[PDB]
Structure formats: structure tokens, C-alpha cells
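One chain comes next, on its own, written out as C-alpha cells in the form deposited in one PDB entry.
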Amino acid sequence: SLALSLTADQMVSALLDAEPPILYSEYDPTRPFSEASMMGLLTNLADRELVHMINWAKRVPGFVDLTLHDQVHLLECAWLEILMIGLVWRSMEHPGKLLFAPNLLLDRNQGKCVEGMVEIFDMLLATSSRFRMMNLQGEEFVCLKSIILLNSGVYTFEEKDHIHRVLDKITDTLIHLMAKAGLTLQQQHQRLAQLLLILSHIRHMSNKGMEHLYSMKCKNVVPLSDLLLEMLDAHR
């Protein structure tokens, strides 16, 4: 295998190169929001990001070594986690706002337009605030997102041992970045821990949002693409 022989510097480069583009939303900003429109914007966006997430996943070292069925399971398990950590990252330098896209920057109070949404916004905003107080770096972000891809579904499965080897390499890469940034050993271990404990909160937010998305589908507040229904269906 070829992902097990990458260097720390080369793991970063490969992740930085695999990054998806930042997509714009269709939103016409001359008109205000309804509950149906906002939700349509969110799901339309997510549906387009999902296509590029598949391309990005295939470029994550070691992912391409897994069976097609295993790749499917991992992406089904983690897809909304991946979208949310994306969201939280780009919202990092906009305190109080979620940057869904460059032309869709939503205040905390705009989550009230959709029933049950503001609770989700609040958790997203507190995670972004956390990123900001840690001063999360781009190189660290691409490592965390990759970890989510490989970790979240790994226990719901040789296939497992390869993933855990690739995960160890990514741990090595995170530590390498912190050792390069001048952190002491004790500070490296502490930061590594702090960063990974955020993945617990991101899991919580995905689980909550999967439920909200389900409710919005049942109540029929908005039509969902076939791809999105399928990713939603995998969790139930």
C-alpha cells in the first residue's frame, strides 16, 4: 500500500490538494427568507457539496484501498459530520455567523426562520468559537476531517486494520504540525486531545441534524434530491 509510506509533510500536501472547492448558494439576496426557501438553500448546497465530497474522499490516502462497500459505509456514516466540520471551519473568522457559502452567511437569529434550527445553529456557532479560541490551522483541519471519514463508521463494519494504520499516520501528521509550530511535548499531547474531543461534539451535531433533516422531510417543508434522501436513509 502507498498511503502507509507517505511522510508527515506529504500527508498534509495530499490532504491540502484534495480539498473541495467552496461552493456558492443559488440564493437571490434581493428577496427575504421563508422557512421553505432557507431549507431549500441548505439542502441544495449540501447536495452539490456531497458530489465533491465523494471526489475528496477518493483522494484521502488509504481510502481508495478499501472495498467499494466499505467506502460507501464510511461516507454514509460520516457525510453530515464532514459537511458540518466544513461549515464550522469556514465560519471560524465570522463570530456569530455560519458561512454556509460566501453568499450565504447566516446570523444566529436567522436559524429561527426554520423550526428547531436555532438549537443546531447554536451548537455549530459554539464549535466555531472553539476553533477560533484554539486558533485551528488549515493543516490541522484537513487532518480532522480525514479522521472523521475513516473513524466514524469504522466500528460499524484486514479492512479495519488498514484504516487504523492510516489513522495512526494522521495522528503522526497532526503531532508533526504541532512540533513544527514549536509546541512542547506536553502541549502537543494536550492540543491533540483538545482537537479530537471536538470530534465528539461534531458527532453530536450530525446526529441532531440528521434528525432535524428527517423531520423537515416528513413534514414535507422541502423536496430533497435522490442522493440526499439516500444518505439520509442510511441512518434509518
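Rigid core (definition): largest C-alpha set, two forms, superposition within 1.5 Å. Only residues modelled in both forms are compared. Numbers follow the displayed sequence, beginning with 1.
Not pictured, yet referred to below: the form deposited in another entry.
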Which of the listed residues (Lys58, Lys180, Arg31, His69) moves its Cα by 2 Å or more between this form and the one not shown when the core is kept in place? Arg31
With both forms fit on the core, is the shift of the CA atom of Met216 between this form and the one not shown 2 Å or larger? yes
If the CA atoms of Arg90 and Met216 move by 3 Å or more in the other entry, do they move toward each other or away, so closer or farther than here? farther
Note on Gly116-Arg31 C-alpha separation in the other entry, which departs from the shown form by 3 angstroms or more: closer
Please list the stretches that shift between this form and the one not shown, defined as three or more consecutive residues with CA displacements of 2 Å or more after core superposition. 30 to 33, 215 to 219
